[PDB]
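Engineer: Here we go, the starting part of the complex in its complex frame:
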Amino acid sequence: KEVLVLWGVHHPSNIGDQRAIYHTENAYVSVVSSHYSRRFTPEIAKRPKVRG
């Protein structure tokens, strides 16, 4: 049968959090299949709070 797959990518607010949680500055996420291909890079910025 067809299978539905879901995932996510995290974008932190400051570089200190990025370094504290992932110990890297230039991270990437790659997801590929037979007819699907994509690459993601996080973006660090200060944003208005939504749910805090």
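Structural biologist: Right, received. Where do you want to start? Numbering: from 1, shown residues only, chains lettered A, B, ... in the order given.

Engineer: Find the nearest non-adjacent residue to the residue positioned nearest the centre of chain A, please.
Structural biologist: In chain A, the C-alpha closest to the average C-alpha coordinate belongs to residue A:9, at a distance of 2.5 Å (CA atoms, centre = their mean). In space, and not counting its chain neighbours, residue A:9 is closest to residue A:40: 4.8 Å by CB to CB, 6 or more residues apart in numbering. For the C-beta atoms, the positions are set from N, CA and C on the backbone; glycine is no exception.

Engineer: hang on, the earlier thing: confirm that the residue nearest to the centre of chain A sits in a strand.
Structural biologist: No: counting by DSSP: H, G, I helix; E, B strand; the rest coil, residue A:9 is not part of a strand but coil.

Engineer: From what I see, it and residue A:38 are in contact.
Structural biologist: No: Residue A:9 is beyond contact range of residue A:38, at 10.2 Å (criterion: CB atoms under 8 Å).

Engineer: follow-up on the earlier one: neighbours of the residue nearest to residue A:9, how many?
Structural biologist: Residue A:40 has 14 neighbours, counted by other CB atoms under 10 Å.

Engineer: and it, bridged to which residues?
Structural biologist: Counting by DSSP bridges, residue A:40 forms beta bridges with residue A:29.

Engineer: Surely it is in contact with residue A:7?
Structural biologist: No: the pair residue A:40 / residue A:7 is not scored as a contact, 9.6 Å apart, by CB under 8 Å.

Engineer: Sequence for chain B below, add it please:
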Amino acid sequence: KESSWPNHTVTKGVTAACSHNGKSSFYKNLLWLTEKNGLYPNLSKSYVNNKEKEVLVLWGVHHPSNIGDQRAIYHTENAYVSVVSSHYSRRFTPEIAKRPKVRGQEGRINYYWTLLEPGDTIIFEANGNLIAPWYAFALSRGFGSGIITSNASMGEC
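Structural biologist: Adding chain B to the chains above:
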């Protein structure tokens, strides 16, 4: 214009492609910022909507034709522009390439817009290449209106 950018010059962003009355000029709802005293420091600007209406905001990003102009105007090589709000987020990077002239110009400017809901805030951050907003619009909605295409004259009817 005269109180928002203490650092950066606001009086030199004119071009011959937008000339008016034989002199170089620019758009009247947008502002072209440039280096002051040989520096282009980072900027940060926020606006909170308190007009109880939707606000239409417009900005732009500049793409020069060679690295010499980029270095001479912004004193940087890897610039970025970030625009965020409660439900909007985007990042822009300039691209340097040689292009056919259109109105005598080999560079480009890309134009972007968004709608801001009442009580919301919008933040701009930039390393360079930013054409900042100057004027915005608070919109009122209605019924029975549209845009038509015609060459008929106006009458007293």
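
Engineer: what do you get for the neighbour count of residue A:40 once chain B is counted?
Structural biologist: As a burial measure, residue A:40 scores 14 neighbours (other CB atoms under 10 Å in any protein chain shown).

Engineer: and if you look at the one 3 residues further on?
Structural biologist: Residue A:43 is flanked by 14 other residues according to other CB under 10 Å.

Engineer: Report the secondary structure state of it.
Structural biologist: Recorded secondary structure, residue A:43: coil (three-state DSSP).

Engineer: now do residue A:16
Structural biologist: At residue A:16 the chain is in helix, as set by three-state DSSP.

Engineer: From residue A:25, how far off is it?
Structural biologist: Using CB to CB, to the nearest Å, residue A:16 is found at 11 Å from residue A:25.

Engineer: again, but for residue A:19
Structural biologist: 7 Å.

Engineer: now do residue A:42
Structural biologist: Separation of residue A:42 from residue A:25 (CB to CB) stands at 10 Å.

Engineer: which of those two has more neighbours?
Structural biologist: Under the neighbour definition other CB under 10 Å, residue A:42 and residue A:25 were set side by side, and residue A:42 has more, 16 against 10.

Engineer: got the contact list for the nearest residue to that one once chain neighbours are set aside?
Structural biologist: Counting by CB to CB, 6 or more residues apart in numbering or on different chains, residue A:11 is the residue found nearest to residue A:42 once chain neighbours are left out, at 5.0 Å. Listed by CB atoms under 8 Å, 6 or more residues apart in numbering or on different chains, the contact partners of residue A:11 are A:42, A:43, A:44, A:45.
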